[PDB]
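One letter stands for each residue in the lines below.
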Amino acid sequence: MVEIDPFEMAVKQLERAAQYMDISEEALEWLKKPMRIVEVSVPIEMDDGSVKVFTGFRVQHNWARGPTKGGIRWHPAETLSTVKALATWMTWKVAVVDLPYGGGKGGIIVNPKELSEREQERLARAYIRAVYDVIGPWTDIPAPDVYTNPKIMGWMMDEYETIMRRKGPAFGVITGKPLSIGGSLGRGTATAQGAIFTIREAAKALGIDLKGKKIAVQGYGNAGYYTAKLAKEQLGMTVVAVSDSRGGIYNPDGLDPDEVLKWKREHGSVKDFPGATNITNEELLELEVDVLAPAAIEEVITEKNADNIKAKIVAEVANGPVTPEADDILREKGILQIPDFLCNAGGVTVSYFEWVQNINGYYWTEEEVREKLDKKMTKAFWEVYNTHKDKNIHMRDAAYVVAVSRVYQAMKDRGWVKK
C-alpha cells in the first residue's frame with residue numbers, strides 16, 4: 001500500500017464533496033471519467049536529418065457548459081494520470097466564476113531544454129496537425145502552461161490557420177497569444193490581479209485594515225513576483241520575505257520587489273541580498289505576517305509542519321498547497337483561507353476575455369479588461385462566502401459545492417441525466 005496516483009486523488013476529493021450536497025448517484029459516476037481522451041503520436045524531424053516520435057495527449061473532461069478550455073504542458077514527467085487529474089480539476093475552476101467553459105488539459109512527453117529553436121517550431125506545429133480533429137474555436141481552446149511561452153502559442157495558431165483555410169475565427173482557437181496577432185491587454189498580470197483581489201475581499205470580511213500589516217511569499221516565480229508587487233502598489237501590503245529553490249531572505253522593514261528581482265536576474269538566487277537574513281524555506285512558513293501566500297509548489301503543508309504556522313489568511317495560490325490532513329488542524333485556529341481554484345481564477349478570466357475579443361473581432365482597452373476582472377472575481381467570492389457562513393464548512397469544501405451544482409444543473413438540462 002505504498003502508492004500515490006495523481007488522478008485517483010482528484011476523484012477522492014469529489015467523493016468527499018458529494019456529502020455536503022444532494023446529488024444523484026447516477027450523475028456522480030459521470031464526473032469520474034473524462035469523456036474523450038486522445039493519445040496521438042507526434043513526429044518531428046530533427047536537425048540531424050533523423051525522425052523522432054513523441055507521445056502527445058489531449059483530455060477533454062466535460063463540455064456541458066460550452067467549449068472546453070485548458071493549457072498545454074511540456075514536461076518529461078508527464079503521464080496520463082497527470083493530465084486526467086488536471087482536466088477534472090479545470091472544470092471546478094471554470095465553473096465557479098460562471099464562464100461558459102468546461103475542463104480540459106493536454107501535454108507532450110518531451111524535455112524542452114534539449115531542443116533548439118527550430119526544433120520547437122517543428123514540434124509545436126506538429127502537435128496541431130495530430131489533434132486538429134478534436135479542437136477548434138468552439139470545441140477546445142488551448143492555453144500556455146509550464147515550459148510554454150506566448151511565443152509558442154503563436155506558432156500553433158499559424159498551423160491552425162493553414163489547415164482551416166481561413167474559413168472561421170482562427171484567432172480564437174488559442175489564448176495567450178502575443179499582442180499583435182490577436183492577443184489581449186492585461187494578460188501577463190492575470191494571476192496576480194486575480195489573487196490580490198481575493199486577498200482584499202477576504203480581509204474586508206475578516207475586518208483587518210491592511211494598510212500597515214505585512215505579507216510573506218514562498219517562491220519567486222513570475223506569478224510569485226507580481227503577487228508581492230501588486231500587493232505593494234495597489235493593496236498596501238508590506239512584503240517582508242521571499243524564497244526560491246535555493247534559499248530565502250527576510251527583512252522586517254519591507255523589500256522593494258523591483259530591486260529584489262534585479263538580484264535574482266543577476267546572481268543564481270536570492271542569497272546574500274543586502275538588508276535581510278539568509279534563511280530557509282521551512283522557517284519561512286512559520287513566520288509572523290497577516291497573510292501567507294504559497295505560490296511555488298504543492299503539498300508544502302503536511303502533518304509534521306501543520307500547527308506551527310502563524311498567519312491569519314492562507315492565500316492558496318499554487319495548485320493545492322495544503323494537504324487535506326492539515327487543513328482541519330488549521331481550521332480550528334480560526335484561519336480564513338480562500339481556496340486554490342478561487343485565488344488563481346484570474347488566469348482563466350483574462351484568458352476568457354481574449355476569446356471574446358477574437359470571436360467578435362473588436363479588441364477592448366486595458367482598463368476595461370481590468371475593470372471587468374473585478375466583477376467576476378468579487379462576485380464569485382461572495383457566492384462562496386455566504387455559503388460557508390451558513391452551512392459551517394471549510395471554504396476549501398464550500399467552493400466545491402457551488403462548482404458541481406453549476407455543472408450538474410447543466411447536465412440535467414441537456415438531457416444527459418434524467419434523475
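Residues numbered from 1 in each chain as written, not as in the entry; some residues may be left out. Heavy atoms only, no water. Residues with missing side-chain atoms left out of burial classes, pairs and counts.

- If you check the header, you'll see the entry was determined by cryo-EM and the resolution is listed as 3.9 Å.

### A few points about the sheet that holds strand β4 (residues 72–74)
Phase 1: Reading across the sheet, the four strands line up as β1-β2-β5-β4 and stay open at both edges, with mixed pairing between neighbours. The open sheet has two edge strands, β1 (36–45) and β4, and neither has a second partner. Across the sheet, the mean angle separating the axes of adjacent strands is 20° when strand polarity is ignored.
Phase 2: Pairing analysis gives ten bridges linking β1 to strand β2 (residues 51–60), with the strands arranged antiparallel. Following the sheet pairing, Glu45 is matched in β2 by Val51. (Pairing = 2+ DSSP bridges. Helix = DSSP H or I, 4+ residues; strand = E, 2+ residues; numbered from the N terminus. Axes fitted to C-alpha atoms, helices over the stretch in contact; angles between N-to-C directions.)

### Quick word on the domain arrangement of the chain
Phase 1: According to the domain assignment, the chain contains domain 1 (36–181) and domain 2 (182–418).
Phase 2: Computed from C-alpha atoms alone, the centre-to-centre distance between domain 1 and domain 2 is 26 Å.
Phase 3: Overall, the association of domain 1 and domain 2 removes approximately 3000 Å² of surface from exposure, summing both partners, and the carbon and sulfur fraction of that is 66%.
Phase 4: Counting the surface domain 1 buries against domain 2, the share from its top three residues, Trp89, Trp92 and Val96, is 23%. (Domains from an automatic or database assignment. Buried area = accessible area lost by both parts, 1.4 Å probe.)

### Here's the deal with the packing of aromatic side chains
The geometry of an aromatic ring pair is captured by two quantities: the separation of the ring centres and the angle between the planes.
Phase 1: One pass over the structure, following the stated rule, counts 17 aromatic pairs.
Phase 2: With a centroid separation of 5.6 Å and 55° between ring planes, the pair formed by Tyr101 and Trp355 is classed as tilted. With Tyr101 in the loop between α2 (80–94) and β5 (104–108) and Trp355 in helix α11 (residues 346–360), the pair connects residues that are 254 residues apart, well separated along the chain. Each member of the pair, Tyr101 as well as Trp355, carries the same accessibility label: buried.
Phase 3: Pairwise contacts between aromatic rings join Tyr101, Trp138, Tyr352, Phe353, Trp355 and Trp364 into one cluster. (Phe/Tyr/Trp six-rings, centres within 6.5 Å; stacked < 30°, edge-to-face > 60°. Buried < 20%, exposed > 50% of the residue type's maximum accessible area, 1.4 Å probe, protein only.)

### Some thoughts on a negative patch on the surface
Phase 1: A cluster of acidic residues, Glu366, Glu367, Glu368 and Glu371, forms a negative patch at the surface.
Phase 2: Looking at where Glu367 falls in the secondary structure, it is placed in helix α12 (residues 366–391). (Patch = residues over 30% accessible without salt bridge, like charges linked within 9 Å, V, L, I, M, F, W, Y side chains within 5 Å. Areas by Shrake-Rupley, 256 points an atom, 1.4 Å probe, with all protein chains shown as cover. Salt bridge = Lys/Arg side-chain N within 4 Å of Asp/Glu carboxyl O. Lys, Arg positive; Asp, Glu negative; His and termini not counted. Charge placed at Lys NZ, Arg CZ, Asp CG, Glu CD.)

### Quick look at the sheet that holds strand β8 (residues 238–243)
Phase 1: Overall, mixed pairing links the five strands, which are arranged β9-β8-β7-β10-β11 in an open sheet. Edge positions in the open sheet fall to β9 (248–250) and β11 (313–314), since each of these has one partner strand only.
Phase 2: With four bridges joining them, strand β7 (residues 214–218) and strand β10 (residues 291–294) adopt parallel strand pairing. Residue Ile215 lies in a different strand from β10, and its bridge partner there is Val291.

### Section: the UniProt feature "active site" in the chain
Phase 1: The feature "active site", as annotated in UniProt, sits at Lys105 in this numbering.
Phase 2: In this fold, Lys105 is placed in strand β5.
Phase 3: Ignoring anything within four residues of it in the chain, the contact list for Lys105 reads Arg58, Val59, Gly70, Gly71, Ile72, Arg73, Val83, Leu86, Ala87 and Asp145. (UniProt positions renumbered as here; feature names shortened; annotations may be inferred. Contact = heavy atoms within 4.5 Å.)

### Some remarks on the packing of helix α5 (residues 190–206) against helix α6 (residues 222–235)
Phase 1: Following both chains from N to C, one finds α5 and α6 inclined at 50°, their axes separated by 9 Å at the closest point. Between α5 and α6, the interaxial angle falls into the category oblique. At the point where α5 passes α6, the crossing takes the right-handed sense. In contact with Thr191, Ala192, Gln193, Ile196, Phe197, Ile199 and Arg200 of α5, α6 contributes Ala223, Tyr226, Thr227, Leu230, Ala231, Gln234 and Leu235.
Phase 2: Of the residues contributing to the contact of α5 with α6, the split by class is nine nonpolar, four polar and one charged. (Parallel < 35°, antiparallel > 145°, perpendicular 65-115°, else oblique. Left-handed = near helix turned anticlockwise from the far one by under 90°. Nonpolar A, V, L, I, M, F, W, Y, C, P; charged D, E, K, R; others polar.)

### Some remarks on the nonpolar core
Phase 1: Counting residues in hydrophobic clusters, the biggest one holds 76 residues, and the most contacted among them are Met237 and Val404.
Phase 2: By residue number, the principal contributor to this core is helix α13 (residues 395–411), which donates nine residues.
Phase 3: Mapping this core onto the domain boundaries places at least three of its residues in each of domain 1 (36–181) and domain 2 (182–418).
Phase 4: Ignoring any residue separated from it by four or fewer positions in sequence, one finds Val404 in contact with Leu14, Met21, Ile23, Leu31 and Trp92.
Phase 5: One finds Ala124, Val131, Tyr160 and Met164 within the second-largest nonpolar core, a separate group that totals 28 residues. (Core = buried A, V, L, I, M, F, W, Y, C linked by side-chain atoms within 4.5 Å.)

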